[PDB]
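Before any questions on binding or motion, here is one chain by itself as C-alpha cells, the form deposited in one PDB entry.
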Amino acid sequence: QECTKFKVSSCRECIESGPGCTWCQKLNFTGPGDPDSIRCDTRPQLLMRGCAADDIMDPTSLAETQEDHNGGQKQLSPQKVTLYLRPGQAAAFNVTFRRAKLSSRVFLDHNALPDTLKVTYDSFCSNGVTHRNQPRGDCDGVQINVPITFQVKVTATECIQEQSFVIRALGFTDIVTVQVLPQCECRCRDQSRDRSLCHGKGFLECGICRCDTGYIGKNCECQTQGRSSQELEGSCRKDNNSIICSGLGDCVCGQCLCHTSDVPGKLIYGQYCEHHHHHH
C-alpha cells in the first residue's frame, strides 16, 4: 500500500490523504528534526518506526447487515445494510435473491446517487455465469428456490454526509435499505487520565500537543515569557534562509536538541546540529 501526503497536521487530514495512509498517535513519536507529518504514513512504515498496534490510527470501510424478522421480505436479503465509508476504500456486501415465481432474468440496481458515491455489482448467477464490477446486477437463468448472490461494492470519493439509498430487483417490490456513513474521524487517546500530558499546558490531539498561549515545544515544555517564538527560533537557525537545527533537531526553548543515532559512529552535533559525523 502507498500513502501520498503533504504536511499533514491532524489524524483526519492523514486519513483523507488516501486509503493507504495511517496515523501514529504515539506520544513523542516525532523525534528531533521530525515534523508532525511524519506521523502519517503507510502501516508497515509506522510499525517499523516503532508505532505500536494500539497507536496506529486506521479506520476502514466496512459493512454491517441486518435482517428483519423475515416475515417481512421474501426475495431480497438482507433488508438493512449500514456502510461506513473511508474515502477511496470500497466496502463490499452480498445481497441474496431468492426466486418465488418471478422472472427468469433478474437485474439489481439502485436509485440515483451523488457523484461522490461509486457503486458496482458482481453477479454470481446460478447458471455458471459470473459478471464482475458492472453498473448493475445481472443474472439470467434464475430458478425458483435456488438463491443467487450479488456483491455490491460502494466507494466514496470524500468524507460523505450521512445518507441512505435503496437497492431493488427490477420488477419486485423488495427493498434493501442502505445507510451510508463517513469513516474519516480518528478515535485517539485524550488527556483525561493524566494532567502531566503536554506538560499540562496544552491539548493532546492524536499524539500532537496543541500548546496553550505562552508555551511552545512538542510537549509544551518551553515557556516563552515575552521572548517571541521567532526569537527563540533565531538561536536555532544559522541564517534566515536556513531551516531550524539543520532539519536534524528540535529547537527546545531556544536551543537545538540534536537527533541521536543508534548507528555506531554516527554523531549529530553543533549549535544548529550541522555537524554530521560518521566516525564518532
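Here the rigid core means the biggest group of C-alpha atoms that line up within 1.5 Å when the two forms are laid on top of each other. In this text, residue numbers run from 1 along the sequence as written.
We do not show the form deposited in another entry, though everything after this point is about it.
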Practice task
Give the option from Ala63, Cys211, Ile56, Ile38 whose C-alpha shifts by 2 Å or more between the shown form and the other one; the alignment is on the rigid core.
Solution key: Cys211
Problem - After fitting the core, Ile15 CA displacement of 2 Å or more between the shown form and the other one - result: no
Handout entry: Residue shift check between the shown form and the other one, rigid core fit, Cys24 Cα at least 2 Å
Key = no
Exercise for the section: Verify the C-alpha shift of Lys201 between the shown form and the other one: is it 2 Å or more after superposing the core? Expected result: yes
Exercise for the section: Work out the direction of the Cα-Cα change for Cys11 and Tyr215 in the other form: closer or farther than in this form? It's 3 angstroms or more. Expected result: closer
Exercise for the section: Taking the shown form as the reference, report whether the CA atoms of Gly217 and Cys184 lie closer or farther apart in the other form; the distance changes by 3 angstroms or more. Expected result: closer
